file upload-v3.csv (CSV, C-alpha atoms)
chain,number,residue,atom,x,y,z
A,60,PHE,CA,7.7,24.3,-159.1
A,61,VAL,CA,8.5,27.8,-158.1
A,62,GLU,CA,8.2,28.9,-161.7
A,63,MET,CA,4.6,27.8,-161.6
A,64,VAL,CA,3.6,29.8,-158.5
A,65,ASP,CA,1.5,32.8,-159.3
A,66,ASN,CA,0.8,31.6,-162.9
A,67,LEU,CA,-2.9,32.2,-162.7
A,68,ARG,CA,-4.7,35.5,-163.2
A,69,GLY,CA,-8.5,36.2,-162.7
A,70,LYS,CA,-11.2,35.8,-160.1
A,71,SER,CA,-14.2,33.7,-159.1
A,72,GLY,CA,-16.9,35.7,-160.8
A,73,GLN,CA,-15.2,35.5,-164.2
A,74,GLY,CA,-12.7,32.7,-164.1
A,75,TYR,CA,-9.1,32.0,-163.4
A,76,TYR,CA,-6.7,31.7,-166.4
A,77,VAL,CA,-3.2,30.6,-167.3
A,78,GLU,CA,-1.0,31.8,-170.1
A,79,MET,CA,-0.3,29.2,-172.9
A,80,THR,CA,0.9,29.3,-176.4
A,81,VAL,CA,-0.2,27.4,-179.5
A,82,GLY,CA,1.3,26.9,-183.0
A,83,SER,CA,4.7,27.5,-184.5
A,84,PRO,CA,5.5,30.4,-184.1
A,85,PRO,CA,3.9,30.4,-180.6
A,86,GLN,CA,0.7,32.5,-180.3
A,87,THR,CA,0.1,33.6,-176.7
A,88,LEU,CA,-3.4,33.2,-175.2
A,89,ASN,CA,-5.1,33.4,-171.9
A,90,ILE,CA,-7.0,30.2,-171.3
A,91,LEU,CA,-9.6,29.6,-168.5
A,92,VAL,CA,-8.8,26.8,-166.2
A,93,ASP,CA,-12.0,24.7,-165.9
A,94,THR,CA,-12.0,21.3,-164.0
A,95,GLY,CA,-15.7,20.9,-165.0
A,96,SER,CA,-15.1,20.1,-168.7
A,97,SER,CA,-12.6,18.2,-170.8
A,98,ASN,CA,-12.1,20.1,-174.0
A,99,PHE,CA,-9.4,22.6,-174.8
A,100,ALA,CA,-10.8,25.4,-177.0
A,101,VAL,CA,-9.9,28.8,-178.3
A,102,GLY,CA,-11.3,31.8,-180.1
A,103,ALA,CA,-10.1,31.4,-183.7
A,104,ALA,CA,-11.9,34.5,-185.2
A,105,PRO,CA,-12.7,38.0,-184.2
A,106,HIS,CA,-15.3,38.7,-181.6
A,107,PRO,CA,-16.3,41.8,-179.6
A,108,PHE,CA,-15.2,40.5,-176.2
A,109,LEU,CA,-11.9,39.1,-177.7
A,110,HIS,CA,-8.6,41.1,-177.7
A,111,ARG,CA,-6.9,38.3,-179.7
A,112,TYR,CA,-7.4,34.8,-181.1
A,113,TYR,CA,-6.0,31.7,-182.8
A,114,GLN,CA,-5.0,32.0,-186.4
A,115,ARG,CA,-4.5,28.5,-187.6
A,116,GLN,CA,-3.5,29.8,-191.1
A,117,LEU,CA,-0.3,31.3,-189.3
A,118,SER,CA,0.5,28.0,-187.6
A,119,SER,CA,3.4,26.2,-189.1
A,120,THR,CA,2.1,23.1,-187.4
A,121,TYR,CA,-1.7,23.2,-187.2
A,122,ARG,CA,-2.9,19.8,-188.5
A,123,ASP,CA,-6.7,19.6,-189.1
A,124,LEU,CA,-9.1,16.7,-188.4
A,125,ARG,CA,-12.0,17.8,-190.6
A,126,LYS,CA,-14.4,17.1,-187.8
A,127,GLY,CA,-16.8,19.4,-185.9
A,128,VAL,CA,-17.6,19.8,-182.3
A,129,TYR,CA,-20.1,21.2,-180.0
A,130,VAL,CA,-19.9,21.8,-176.2
A,131,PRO,CA,-22.7,22.9,-173.9
A,132,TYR,CA,-21.8,24.1,-170.4
A,133,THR,CA,-24.3,24.9,-167.6
A,134,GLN,CA,-24.0,28.4,-169.0
A,135,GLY,CA,-22.7,29.1,-172.5
A,136,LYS,CA,-21.9,27.0,-175.4
A,137,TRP,CA,-19.6,27.0,-178.5
A,138,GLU,CA,-19.1,25.2,-181.8
A,139,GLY,CA,-16.0,24.6,-183.9
A,140,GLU,CA,-13.3,22.8,-185.8
A,141,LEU,CA,-11.1,20.2,-184.3
A,142,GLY,CA,-7.4,20.4,-185.2
A,143,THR,CA,-4.1,19.7,-183.4
A,144,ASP,CA,-1.2,21.8,-182.7
A,145,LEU,CA,1.9,22.3,-180.5
A,146,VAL,CA,1.1,23.7,-177.1
A,147,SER,CA,3.2,25.1,-174.2
A,148,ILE,CA,2.5,26.6,-170.8
A,149,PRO,CA,5.2,29.3,-170.4
A,150,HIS,CA,4.7,28.9,-166.6
A,151,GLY,CA,3.9,25.2,-167.1
A,152,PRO,CA,6.6,22.5,-167.3
A,153,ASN,CA,8.6,23.1,-170.4
A,154,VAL,CA,7.6,20.2,-172.4
A,155,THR,CA,5.8,21.2,-175.6
A,156,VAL,CA,3.1,18.7,-176.7
A,157,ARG,CA,0.7,18.0,-179.6
A,158,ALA,CA,-2.9,18.4,-178.4
A,159,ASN,CA,-6.4,18.5,-179.6
A,160,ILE,CA,-7.6,22.1,-180.1
A,161,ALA,CA,-11.1,23.2,-180.9
A,162,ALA,CA,-11.1,26.4,-182.9
A,163,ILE,CA,-14.3,28.3,-181.9
A,164,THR,CA,-16.5,29.7,-184.7
A,165,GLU,CA,-19.9,30.3,-183.1
A,166,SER,CA,-20.6,30.8,-179.4
A,167,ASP,CA,-23.4,31.9,-177.0
A,168,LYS,CA,-22.9,33.3,-173.5
A,169,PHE,CA,-19.4,31.8,-173.4
A,170,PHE,CA,-16.8,34.6,-173.8
A,171,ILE,CA,-17.1,37.1,-170.9
A,172,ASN,CA,-16.3,40.7,-171.6
A,173,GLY,CA,-13.2,41.9,-169.7
A,174,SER,CA,-12.3,38.5,-168.3
A,175,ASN,CA,-9.1,38.7,-170.4
A,176,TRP,CA,-9.0,35.1,-171.5
A,177,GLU,CA,-9.7,33.8,-175.0
A,178,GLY,CA,-10.2,30.1,-174.5
A,179,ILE,CA,-10.8,27.3,-172.0
A,180,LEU,CA,-8.9,24.3,-170.7
A,181,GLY,CA,-11.0,21.4,-169.5
A,182,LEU,CA,-8.9,19.4,-167.0
A,183,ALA,CA,-11.5,16.7,-166.3
A,184,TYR,CA,-11.5,13.2,-167.8
A,185,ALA,CA,-12.2,11.9,-171.3
A,186,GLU,CA,-15.6,10.4,-170.9
A,187,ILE,CA,-17.0,13.9,-170.8
A,188,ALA,CA,-15.0,15.2,-173.8
A,189,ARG,CA,-17.0,16.3,-176.8
A,190,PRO,CA,-17.8,15.0,-179.3
A,191,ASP,CA,-16.8,11.7,-177.7
A,192,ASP,CA,-14.4,10.0,-175.3
A,193,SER,CA,-11.6,9.3,-177.8
A,194,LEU,CA,-10.8,13.1,-178.1
A,195,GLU,CA,-7.9,13.0,-175.7
A,196,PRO,CA,-8.1,16.0,-173.3
A,197,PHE,CA,-5.1,18.2,-172.9
A,198,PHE,CA,-3.8,16.7,-169.7
A,199,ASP,CA,-4.0,13.2,-170.9
A,200,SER,CA,-1.8,14.4,-173.9
A,201,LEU,CA,0.7,16.1,-171.5
A,202,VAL,CA,1.0,13.0,-169.4
A,203,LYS,CA,1.3,10.5,-172.3
A,204,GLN,CA,3.9,12.6,-174.4
A,205,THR,CA,6.1,13.7,-171.4
A,206,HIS,CA,7.4,12.7,-167.9
A,207,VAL,CA,5.0,15.1,-166.1
A,208,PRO,CA,3.5,13.1,-163.3
A,209,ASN,CA,-0.3,12.6,-163.4
A,210,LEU,CA,-1.7,15.2,-161.0
A,211,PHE,CA,-2.0,19.0,-160.7
A,212,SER,CA,-3.0,21.3,-157.9
A,213,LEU,CA,-4.9,24.6,-157.6
A,214,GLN,CA,-4.5,27.5,-155.2
A,215,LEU,CA,-7.1,30.1,-156.2
A,216,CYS,CA,-7.0,33.3,-154.2
A,217,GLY,CA,-9.4,36.0,-155.2
A,218,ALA,CA,-11.1,39.2,-154.2
A,219,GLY,CA,-8.6,41.1,-152.2
A,220,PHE,CA,-10.5,44.3,-151.5
A,221,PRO,CA,-11.2,46.3,-153.4
A,222,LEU,CA,-10.9,44.4,-156.6
A,223,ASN,CA,-10.6,46.0,-160.1
A,224,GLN,CA,-11.2,43.6,-163.0
A,225,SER,CA,-8.4,44.9,-165.2
A,226,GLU,CA,-6.2,45.2,-162.1
A,227,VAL,CA,-6.8,41.5,-161.3
A,228,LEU,CA,-5.2,40.9,-164.7
A,229,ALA,CA,-2.4,43.1,-163.5
A,230,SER,CA,-1.8,41.4,-160.1
A,231,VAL,CA,-2.0,37.7,-159.5
A,232,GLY,CA,-4.8,35.6,-157.9
A,233,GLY,CA,-3.5,32.0,-158.0
A,234,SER,CA,-1.4,29.0,-158.8
A,235,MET,CA,-1.8,25.8,-160.9
A,236,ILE,CA,1.0,23.4,-160.1
A,237,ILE,CA,1.3,21.0,-163.0
A,238,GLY,CA,2.6,17.6,-162.1
A,239,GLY,CA,3.1,18.0,-158.4
A,240,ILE,CA,2.4,19.6,-155.1
A,241,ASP,CA,4.2,22.6,-153.8
A,242,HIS,CA,4.4,22.2,-150.0
A,243,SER,CA,4.8,25.9,-149.5
A,244,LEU,CA,1.4,26.9,-150.7
A,245,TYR,CA,-0.5,25.3,-147.8
A,246,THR,CA,-0.4,24.7,-144.1
A,247,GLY,CA,-1.4,21.6,-142.2
A,248,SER,CA,-2.3,18.2,-143.4
A,249,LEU,CA,-3.6,17.3,-146.9
A,250,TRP,CA,-6.9,15.4,-146.5
A,251,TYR,CA,-8.0,13.2,-149.4
A,252,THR,CA,-11.4,12.1,-150.6
A,253,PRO,CA,-11.7,9.4,-153.4
A,254,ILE,CA,-12.6,10.4,-156.9
A,255,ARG,CA,-15.7,8.2,-157.2
A,256,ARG,CA,-15.5,7.8,-160.9
A,257,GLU,CA,-13.3,9.5,-163.5
A,258,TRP,CA,-15.5,11.9,-165.5
A,259,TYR,CA,-16.1,15.1,-163.6
A,260,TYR,CA,-14.0,15.2,-160.5
A,261,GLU,CA,-16.8,13.5,-158.5
A,262,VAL,CA,-16.8,13.3,-154.8
A,263,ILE,CA,-19.1,12.1,-152.1
A,264,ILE,CA,-20.3,14.5,-149.4
A,265,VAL,CA,-21.5,12.6,-146.3
A,266,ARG,CA,-22.6,15.3,-143.8
A,267,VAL,CA,-23.2,19.0,-143.8
A,268,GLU,CA,-23.1,21.2,-140.6
A,269,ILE,CA,-24.0,24.8,-140.4
A,270,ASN,CA,-22.5,26.7,-137.4
A,271,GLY,CA,-22.1,23.2,-135.9
A,272,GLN,CA,-25.7,21.9,-136.4
A,273,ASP,CA,-26.2,19.0,-138.7
A,274,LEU,CA,-28.8,19.6,-141.5
A,275,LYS,CA,-30.1,16.1,-140.7
A,276,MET,CA,-30.8,15.2,-144.3
A,277,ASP,CA,-30.3,11.8,-146.1
A,278,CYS,CA,-26.8,12.1,-147.4
A,279,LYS,CA,-27.9,11.0,-150.8
A,280,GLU,CA,-29.5,14.4,-151.0
A,281,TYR,CA,-26.1,16.0,-150.7
A,282,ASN,CA,-25.0,14.2,-153.9
A,283,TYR,CA,-28.1,14.3,-156.0
A,284,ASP,CA,-27.2,13.6,-158.7
A,285,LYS,CA,-23.5,14.0,-158.2
A,286,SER,CA,-21.1,16.2,-156.3
A,287,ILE,CA,-18.1,17.6,-158.2
A,288,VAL,CA,-15.3,20.1,-157.8
A,289,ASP,CA,-15.3,22.8,-160.4
A,290,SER,CA,-12.9,25.7,-160.8
A,291,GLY,CA,-15.0,26.8,-163.8
A,292,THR,CA,-18.0,27.6,-161.8
A,293,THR,CA,-18.3,30.5,-159.5
A,294,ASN,CA,-20.8,29.5,-156.8
A,295,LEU,CA,-21.4,26.8,-154.4
A,296,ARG,CA,-24.3,25.1,-156.1
A,297,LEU,CA,-26.6,22.8,-154.1
A,298,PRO,CA,-29.5,20.5,-155.1
A,299,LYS,CA,-33.0,22.0,-154.7
A,300,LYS,CA,-33.7,20.5,-151.2
A,301,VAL,CA,-30.2,21.0,-149.8
A,302,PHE,CA,-30.1,24.5,-151.0
A,303,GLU,CA,-33.5,25.3,-149.4
A,304,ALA,CA,-32.3,24.0,-146.1
A,305,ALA,CA,-29.0,25.9,-146.2
A,306,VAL,CA,-30.7,29.2,-147.1
A,307,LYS,CA,-33.4,28.6,-144.4
A,308,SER,CA,-30.5,28.1,-142.0
A,309,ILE,CA,-28.4,31.0,-143.1
A,310,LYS,CA,-31.4,33.4,-143.2
A,311,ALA,CA,-32.2,32.4,-139.6
A,312,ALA,CA,-28.6,33.0,-138.4
A,313,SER,CA,-28.6,36.5,-140.0
A,314,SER,CA,-32.3,37.4,-139.3
A,315,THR,CA,-31.5,40.5,-137.3
A,316,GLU,CA,-30.6,42.2,-140.6
A,317,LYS,CA,-32.8,43.0,-143.6
A,318,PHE,CA,-32.2,41.5,-147.1
A,319,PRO,CA,-34.3,41.2,-150.2
A,320,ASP,CA,-35.4,37.5,-151.0
A,321,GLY,CA,-34.0,38.1,-154.4
A,322,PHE,CA,-30.6,38.7,-152.9
A,323,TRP,CA,-31.0,35.1,-151.6
A,324,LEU,CA,-31.6,34.1,-155.2
A,325,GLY,CA,-28.1,35.4,-156.0
A,326,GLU,CA,-29.3,38.2,-158.3
A,327,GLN,CA,-29.5,41.2,-156.1
A,328,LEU,CA,-26.6,42.7,-154.1
A,329,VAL,CA,-26.2,43.9,-150.5
A,330,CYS,CA,-24.2,46.7,-149.1
A,331,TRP,CA,-22.8,48.1,-145.9
A,332,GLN,CA,-20.6,51.1,-145.2
A,333,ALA,CA,-16.9,50.3,-145.7
A,334,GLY,CA,-15.5,48.0,-143.0
A,335,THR,CA,-18.9,47.4,-141.3
A,336,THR,CA,-19.9,44.1,-143.0
A,337,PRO,CA,-21.4,42.1,-140.1
A,338,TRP,CA,-19.4,39.0,-140.7
A,339,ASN,CA,-20.2,37.5,-137.3
A,340,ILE,CA,-23.9,37.0,-138.1
A,341,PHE,CA,-23.1,34.7,-141.0
A,342,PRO,CA,-22.6,31.1,-140.2
A,343,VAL,CA,-19.7,28.8,-141.2
A,344,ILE,CA,-20.5,25.8,-143.3
A,345,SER,CA,-18.9,22.4,-142.9
A,346,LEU,CA,-18.8,19.9,-145.8
A,347,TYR,CA,-17.7,16.5,-144.5
A,348,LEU,CA,-16.1,14.5,-147.3
A,349,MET,CA,-15.5,10.7,-147.6
A,350,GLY,CA,-12.0,9.7,-146.5
A,351,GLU,CA,-9.5,7.2,-147.7
A,352,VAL,CA,-10.1,4.7,-144.9
A,353,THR,CA,-13.2,2.7,-143.8
A,354,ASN,CA,-15.8,4.7,-141.9
A,355,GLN,CA,-13.7,7.8,-142.0
A,356,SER,CA,-14.4,11.3,-143.2
A,357,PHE,CA,-12.8,14.7,-142.8
A,358,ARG,CA,-14.4,18.2,-143.0
A,359,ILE,CA,-13.7,21.4,-144.8
A,360,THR,CA,-15.1,24.5,-143.3
A,361,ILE,CA,-16.2,27.5,-145.2
A,362,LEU,CA,-16.5,31.1,-143.9
A,363,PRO,CA,-19.1,33.6,-145.1
A,364,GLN,CA,-16.2,35.5,-146.7
A,365,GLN,CA,-16.2,32.9,-149.3
A,366,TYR,CA,-19.9,32.6,-149.9
A,367,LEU,CA,-20.5,36.4,-149.9
A,368,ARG,CA,-18.7,37.4,-153.0
A,369,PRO,CA,-17.5,41.0,-153.4
A,370,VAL,CA,-18.7,43.0,-156.4
A,371,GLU,CA,-18.4,46.7,-157.6
A,372,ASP,CA,-21.5,48.7,-156.6
A,373,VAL,CA,-24.0,49.9,-159.2
A,374,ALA,CA,-24.5,53.3,-157.6
A,375,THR,CA,-20.8,53.7,-157.1
A,376,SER,CA,-19.8,54.6,-153.5
A,377,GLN,CA,-17.3,53.6,-150.8
A,378,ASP,CA,-19.6,50.7,-149.9
A,379,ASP,CA,-18.8,47.0,-149.4
A,380,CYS,CA,-21.3,45.1,-151.6
A,381,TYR,CA,-21.8,41.4,-152.1
A,382,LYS,CA,-23.7,38.9,-154.3
A,383,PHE,CA,-24.8,35.7,-152.5
A,384,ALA,CA,-22.8,32.9,-153.9
A,385,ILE,CA,-24.8,29.8,-153.1
A,386,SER,CA,-27.4,29.0,-155.7
A,387,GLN,CA,-29.8,26.3,-156.5
A,388,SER,CA,-28.7,23.5,-158.8
A,389,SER,CA,-30.6,20.7,-160.4
A,390,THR,CA,-27.5,19.1,-161.9
A,391,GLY,CA,-25.9,18.1,-158.5
A,392,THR,CA,-23.7,19.8,-156.0
A,393,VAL,CA,-20.9,22.0,-157.4
A,394,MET,CA,-18.0,23.0,-155.2
A,395,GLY,CA,-17.0,26.0,-157.2
A,396,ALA,CA,-14.3,28.6,-157.1
A,397,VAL,CA,-15.7,30.4,-154.1
A,398,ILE,CA,-15.3,27.2,-152.0
A,399,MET,CA,-11.9,26.4,-153.6
A,400,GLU,CA,-10.5,29.8,-152.7
A,401,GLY,CA,-10.0,28.8,-149.1
A,402,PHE,CA,-7.9,25.9,-150.0
A,403,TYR,CA,-5.0,24.2,-151.8
A,404,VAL,CA,-6.7,21.5,-153.8
A,405,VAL,CA,-4.8,18.4,-155.2
A,406,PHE,CA,-6.2,16.7,-158.3
A,407,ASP,CA,-4.4,13.4,-157.7
A,408,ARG,CA,-5.4,11.7,-160.9
A,409,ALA,CA,-2.7,9.0,-160.4
A,410,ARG,CA,-4.3,7.8,-157.2
A,411,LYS,CA,-7.8,8.7,-158.2
A,412,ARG,CA,-8.2,11.2,-155.4
A,413,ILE,CA,-8.6,14.8,-154.4
A,414,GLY,CA,-6.7,16.5,-151.6
A,415,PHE,CA,-7.7,19.5,-149.5
A,416,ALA,CA,-5.6,21.7,-147.3
A,417,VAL,CA,-5.8,25.2,-145.8
A,418,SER,CA,-4.4,27.7,-148.3
A,419,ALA,CA,-1.5,29.9,-147.6
A,420,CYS,CA,-3.8,32.5,-149.1
A,421,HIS,CA,-7.1,32.6,-147.2
A,422,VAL,CA,-9.7,35.2,-146.1
A,423,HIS,CA,-9.1,36.3,-142.5
A,424,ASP,CA,-11.8,36.4,-139.8
A,425,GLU,CA,-10.9,38.1,-136.6
A,426,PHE,CA,-12.3,35.2,-134.5
A,427,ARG,CA,-13.0,32.4,-137.0
A,428,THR,CA,-10.6,30.5,-139.3
A,429,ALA,CA,-11.7,28.0,-142.0
A,430,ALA,CA,-10.0,24.6,-141.5
A,431,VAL,CA,-9.5,21.2,-143.0
A,432,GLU,CA,-9.8,18.8,-140.1
A,433,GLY,CA,-10.0,15.1,-139.5
A,434,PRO,CA,-10.4,12.3,-138.8
A,435,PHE,CA,-14.1,11.9,-138.3
A,436,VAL,CA,-15.9,8.6,-138.0
A,437,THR,CA,-19.0,8.2,-140.3
A,438,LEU,CA,-20.9,5.0,-140.8
A,439,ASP,CA,-22.4,3.9,-144.2
A,440,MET,CA,-20.7,6.5,-146.4
A,441,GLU,CA,-21.3,4.4,-149.6
A,442,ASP,CA,-25.0,4.9,-149.1
A,443,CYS,CA,-24.4,8.6,-149.8
A,444,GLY,CA,-23.5,8.1,-153.4
A,445,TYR,CA,-26.5,8.4,-155.7
A,446,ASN,CA,-27.4,5.8,-158.3
call {"tool": "encode", "arguments": {"input": "upload-v3.csv", "output": "structure tokens"}}
result
Amino acid sequence: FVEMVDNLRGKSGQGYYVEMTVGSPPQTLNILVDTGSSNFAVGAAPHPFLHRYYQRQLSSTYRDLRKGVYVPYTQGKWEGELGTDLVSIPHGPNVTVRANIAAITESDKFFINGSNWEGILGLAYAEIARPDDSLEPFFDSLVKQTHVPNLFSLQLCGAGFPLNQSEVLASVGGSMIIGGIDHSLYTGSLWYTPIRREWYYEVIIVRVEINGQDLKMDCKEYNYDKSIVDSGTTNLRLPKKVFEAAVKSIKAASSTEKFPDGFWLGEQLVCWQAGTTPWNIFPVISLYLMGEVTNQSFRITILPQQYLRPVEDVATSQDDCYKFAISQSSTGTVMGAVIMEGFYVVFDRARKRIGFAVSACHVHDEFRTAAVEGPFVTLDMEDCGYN
């Protein structure tokens, strides 16, 4: 497992990626690690944002499937040609496998300039794969063709200050442990919530507290129409009602200070002189998740240092500036990178569950520390799932 530590480069605003290789001879590519989709896909042609791409013609071993494919994400979409080829993760356990690969031909709002990846790795389940559920996703292939156990874990650490985008490519920001857990990347106990159904990594949230006060909503609202865990999405995304309540609550907690309302829409920035960010006036958020045992939940607690994402200032100064990283969703709750960054997250596919633990890498508050804590008692958790 040690060979796999630090095998991820990137950040929450543009994605975390892992080195992989495709074809014989091996072509090296940076591939974005996305638990919110199930298709492995690469640039196979030149494009302004791409430094390199996949040349099937050079592959000794590219087979072709003479089939086409389209994926749409919440943001961005691409289109292309299914084939198969041999794939390795140089960091990743050294079993080479044959896997489905989409070769991207047309794309809209999908490649990000400077992000330094050239492709995407969907680690979610087959039912969501395009064009349909018989297109075996990468990780299903890896499990079926090798002795890699059926789980992986993600420690994302991002935004040490002050971040430079190229530099992030230079110095590491996380770990994907393929086929196990590395006990040295977290402290405390792992707490597990069930994967409710195997498509997106879908969980059930059963309470939400802000600075210790319950939002007092029907918990179905928290999962309307699903809650999922998604390394491929930057923000914490909340259903339209929940989001309104959080914001109302967060605005009130921080009312002493002055913000545009368009900041609270996640578009505008805010800024303070270096080292004067008034962290204390921003509340912690507690998401209580369904546990493994009857009537039992646990909570994960999130600091403002995760939901206020650092960005480089437009009028360039020595300011600390931040985009607000909770946004409205209409497609369910999404526990994105910014929430995952506090934690070591186990995708325990084998036991259909997801584990959380305090990361060895976490943002530090002088007086507040984010924690994964249980057990809590919580009646009628099944109600909370939407239908």
call {"tool": "atom_distance", "arguments": {"input": "upload-v3.csv", "atom1": "CA of residue 340 in chain A", "atom2": "CA of residue 312 in chain A"}}
result
6.2 Å
call {"tool": "closest_atom_pairs", "arguments": {"input": "upload-v3.csv", "of": "range 237-311 of chain A", "to": "range 344-363 of chain A", "cutoff": "6 Å", "atoms": "all atoms listed in the file", "output": "tab-separated table"}}
result
residue	atom	partner	partner_atom	distance
A:252	CA	A:350	CA	4.8
A:263	CA	A:349	CA	5.9
A:264	CA	A:348	CA	4.7
A:265	CA	A:347	CA	5.7
A:266	CA	A:347	CA	5.1
A:267	CA	A:346	CA	4.9
A:268	CA	A:345	CA	4.9
A:269	CA	A:344	CA	4.7
call {"tool": "closest_atom_pairs", "arguments": {"input": "upload-v3.csv", "of": "range 212-306 of chain A", "to": "range 97-102 of chain A", "cutoff": "12 Å", "atoms": "all atoms listed in the file", "output": "CSV"}}
result
residue,atom,partner,partner_atom,distance
A:257,CA,A:97,CA,11.4
A:258,CA,A:97,CA,8.7
A:259,CA,A:97,CA,8.6
A:260,CA,A:97,CA,10.8
A:289,CA,A:97,CA,11.7
A:291,CA,A:97,CA,11.3
call {"tool": "closest_residue", "arguments": {"input": "upload-v3.csv", "among": "A:114, A:193, A:282, A:153", "to": "residue 238 in chain A", "atoms": "all atoms listed in the file"}}
result
A:153
call {"tool": "atom_distance", "arguments": {"input": "upload-v3.csv", "atom1": "CA of residue 158 in chain A", "atom2": "CA of residue 104 in chain A"}}
result
19.7 Å
call {"tool": "closest_residue", "arguments": {"input": "upload-v3.csv", "among": "A:90, A:278, A:61, A:370", "to": "residue 439 in chain A", "atoms": "only C-alpha atoms"}}
result
A:278
call {"tool": "residues_around", "arguments": {"input": "upload-v3.csv", "residues": "residue 75 in chain A", "least_positions_apart": "6", "cutoff": "9 Å", "atoms": "all atoms listed in the file", "output": "JSON, numbers by chain"}}
result
{"A": [67, 68, 69, 90, 91, 92, 93, 174, 176, 215, 232, 233, 290, 291, 396]}
call {"tool": "write_last_selection", "arguments": {"input": "upload-v3.csv", "atoms": "C-alpha atoms", "output": "PDB file, keeping the file's coordinate frame"}}
result
ATOM      1  CA  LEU A  67      -2.900  32.200-162.700  1.00  0.00           C
ATOM      2  CA  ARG A  68      -4.700  35.500-163.200  1.00  0.00           C
ATOM      3  CA  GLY A  69      -8.500  36.200-162.700  1.00  0.00           C
ATOM      4  CA  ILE A  90      -7.000  30.200-171.300  1.00  0.00           C
ATOM      5  CA  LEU A  91      -9.600  29.600-168.500  1.00  0.00           C
ATOM      6  CA  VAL A  92      -8.800  26.800-166.200  1.00  0.00           C
ATOM      7  CA  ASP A  93     -12.000  24.700-165.900  1.00  0.00           C
ATOM      8  CA  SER A 174     -12.300  38.500-168.300  1.00  0.00           C
ATOM      9  CA  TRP A 176      -9.000  35.100-171.500  1.00  0.00           C
ATOM     10  CA  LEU A 215      -7.100  30.100-156.200  1.00  0.00           C
ATOM     11  CA  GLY A 232      -4.800  35.600-157.900  1.00  0.00           C
ATOM     12  CA  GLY A 233      -3.500  32.000-158.000  1.00  0.00           C
ATOM     13  CA  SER A 290     -12.900  25.700-160.800  1.00  0.00           C
ATOM     14  CA  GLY A 291     -15.000  26.800-163.800  1.00  0.00           C
ATOM     15  CA  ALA A 396     -14.300  28.600-157.100  1.00  0.00           C
TER      16      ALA A 396
END
call {"tool": "atom_distance", "arguments": {"input": "upload-v3.csv", "atom1": "CA of residue 151 in chain A", "atom2": "CA of residue 405 in chain A"}}
result
16.2 Å
call {"tool": "closest_residue", "arguments": {"input": "upload-v3.csv", "among": "A:418, A:392, A:292, A:375", "to": "residue 212 in chain A", "atoms": "all atoms listed in the file"}}
result
A:418
call {"tool": "closest_residue", "arguments": {"input": "upload-v3.csv", "among": "A:143, A:437, A:200, A:89", "to": "residue 170 in chain A", "atoms": "only C-alpha atoms"}}
result
A:89
call {"tool": "residues_around", "arguments": {"input": "upload-v3.csv", "residues": "residue 175 in chain A", "least_positions_apart": "5", "cutoff": "8 Å", "atoms": "all atoms listed in the file", "output": "PyMOL selection string"}}
result
chain A and resi 89+109-110+228
call {"tool": "write_last_selection", "arguments": {"input": "upload-v3.csv", "atoms": "C-alpha atoms", "output": "mmCIF file, in the frame of the given file"}}
result
data_model
loop_
_atom_site.group_PDB
_atom_site.id
_atom_site.type_symbol
_atom_site.label_atom_id
_atom_site.label_comp_id
_atom_site.auth_asym_id
_atom_site.auth_seq_id
_atom_site.Cartn_x
_atom_site.Cartn_y
_atom_site.Cartn_z
ATOM 1 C CA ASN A 89 -5.100 33.400 -171.900
ATOM 2 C CA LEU A 109 -11.900 39.100 -177.700
ATOM 3 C CA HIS A 110 -8.600 41.100 -177.700
ATOM 4 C CA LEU A 228 -5.200 40.900 -164.700
#
call {"tool": "residues_around", "arguments": {"input": "upload-v3.csv", "residues": "residue 302 in chain A", "least_positions_apart": "4", "cutoff": "6 Å", "atoms": "only C-alpha atoms", "output": "mmCIF file with C-alpha atoms, keeping the file's coordinate frame"}}
result
data_model
loop_
_atom_site.group_PDB
_atom_site.id
_atom_site.type_symbol
_atom_site.label_atom_id
_atom_site.label_comp_id
_atom_site.auth_asym_id
_atom_site.auth_seq_id
_atom_site.Cartn_x
_atom_site.Cartn_y
_atom_site.Cartn_z
ATOM 1 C CA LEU A 297 -26.600 22.800 -154.100
ATOM 2 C CA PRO A 298 -29.500 20.500 -155.100
ATOM 3 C CA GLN A 387 -29.800 26.300 -156.500
#
call {"tool": "residues_near_point", "arguments": {"input": "upload-v3.csv", "point": "(-22.4, 21.2, -161.2)", "cutoff": "7 Å", "atoms": "only C-alpha atoms", "output": "PyMOL selection string"}}
result
chain A and resi 287+296+390-393
call {"tool": "closest_residue", "arguments": {"input": "upload-v3.csv", "among": "A:420, A:443, A:79, A:438", "to": "residue 156 in chain A", "atoms": "all atoms listed in the file"}}
result
A:79
call {"tool": "residues_near_point", "arguments": {"input": "upload-v3.csv", "point": "(-4.3, 13.3, -148.1)", "cutoff": "12 Å", "atoms": "all atoms listed in the file", "output": "PyMOL selection string"}}
result
chain A and resi 240+247-253+348-352+356-357+403-407+410-416+431-434
call {"tool": "residues_around", "arguments": {"input": "upload-v3.csv", "residues": "residue 82 in chain A", "least_positions_apart": "6", "cutoff": "7 Å", "atoms": "only C-alpha atoms", "output": "short mmCIF file (atom, residue, chain, number, x, y, z; two decimals) with C-alpha atoms, keeping the file's coordinate frame"}}
result
data_model
loop_
_atom_site.label_atom_id
_atom_site.label_comp_id
_atom_site.auth_asym_id
_atom_site.auth_seq_id
_atom_site.Cartn_x
_atom_site.Cartn_y
_atom_site.Cartn_z
CA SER A 118 0.50 28.00 -187.60
CA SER A 119 3.40 26.20 -189.10
CA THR A 120 2.10 23.10 -187.40
CA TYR A 121 -1.70 23.20 -187.20
CA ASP A 144 -1.20 21.80 -182.70
CA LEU A 145 1.90 22.30 -180.50
CA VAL A 146 1.10 23.70 -177.10
#
